[PDB]
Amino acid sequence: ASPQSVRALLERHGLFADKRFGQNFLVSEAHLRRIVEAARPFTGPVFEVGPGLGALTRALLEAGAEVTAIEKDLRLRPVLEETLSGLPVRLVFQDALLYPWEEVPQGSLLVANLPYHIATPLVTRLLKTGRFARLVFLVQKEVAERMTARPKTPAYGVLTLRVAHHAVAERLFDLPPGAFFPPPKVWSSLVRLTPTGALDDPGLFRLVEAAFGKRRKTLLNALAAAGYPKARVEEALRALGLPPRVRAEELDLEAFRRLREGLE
């Protein structure tokens, strides 16, 4: 893969990169290799969402992964068949947001150059399945920052705590716009999530989502606004030794879990 090879491949197939599909294709073989290495060992079947021109798909397959590749853009079928000629892969033409994720084998892996517009809801769904051993994927740098944020930083929020609840999170490296054709407007990052097997905790997330809803308020006032009894919230913060005017972004996962318990 190279900027010239990718441009040439698109042109030969009559393709354009379509923004409606968030198409930005990997253009660096070295980066492809680093993504594959980050996903090893392939202890379970691999799912790739958005195989595109098949560059990562081919590298995964050559590394011995058993791959299902889910692509929404049917126009990519000819180039994918060409790229993957002779190689065992399940190509599925479907919107990945509609794929039956809850039924994948326990121990499955995700390895993907995700389209920006589905990355957050897709990863959130896959985490809620509890079916994955590892998820390795590209997201915009700001989204990687949310997924790996520490408390009291701009990026810290509901997505940080959603990820933390289910999985260990790592931002492994960043990729400049030039690693893709066409180049996006922002940097990307390779994120690795390793699930602990924890499933959704809807009560905890009702609390977390209420906490971050009203961004201008203290935590107490945010939760009171969402219908939590104020006296009960006051007492629970106090019992935890937290300042009365503590803000939502100052609490870590442990603190939210204990706040929840105090309230019930």
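Throughout, rigid core stands for the largest set of C-alpha atoms superposing within 1.5 Å between the two forms. Numbers for residues come from their place in the sequence shown, where the first is 1.
Chemist: Comparing C-alpha positions in 4 other deposited structures of this protein against this form, with the rigid core used for the fit, which stretch differs more, 77-85 or 127-135?
Modeler: Between 77-85 and 127-135, greater C-alpha deviation in 4 other deposited structures of this protein belongs to 77-85.
Chemist: Line up the rigid core: which moves more in 4 other deposited structures of this protein, 141-149 or 86-94, by C-alpha RMS?
Modeler: Higher root mean square deviation of C-alphas in 4 other deposited structures of this protein is shown by 86-94.
Chemist: Of the two stretches 77-85 and 182-190, which shows the higher Cα B-factor on average in the entry?
Modeler: The entry gives the higher C-alpha B-factor average to 182-190.
Chemist: Based on the entry's values, in what third of the chain does the Cα temperature factor of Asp95 lie: lowest, middle or highest?
Modeler: According to the entry, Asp95 has a C-alpha B-factor in the chain's highest third.
Chemist: Among the modelled residues of this chain, does the Cα B factor of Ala17 put it in the lowest, middle or highest third?
Modeler: For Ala17, whose C-alpha B-factor we compare with every modelled residue in the chain, the answer is the middle third.
Chemist: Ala225's Cα B-factor: lowest, middle or highest third of the chain?
Modeler: It falls in the top third of the chain.
Chemist: Which third of the chain does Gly203 land in by C-alpha B-factor: lowest, middle or highest?
Modeler: Answer is highest: the recorded C-alpha B-factor places it there.
Chemist: Just say lowest, middle or highest third for the CA B-factor of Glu62 relative to the other modelled residues in its chain.
Modeler: According to the entry, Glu62 has a C-alpha B-factor in the chain's highest third.
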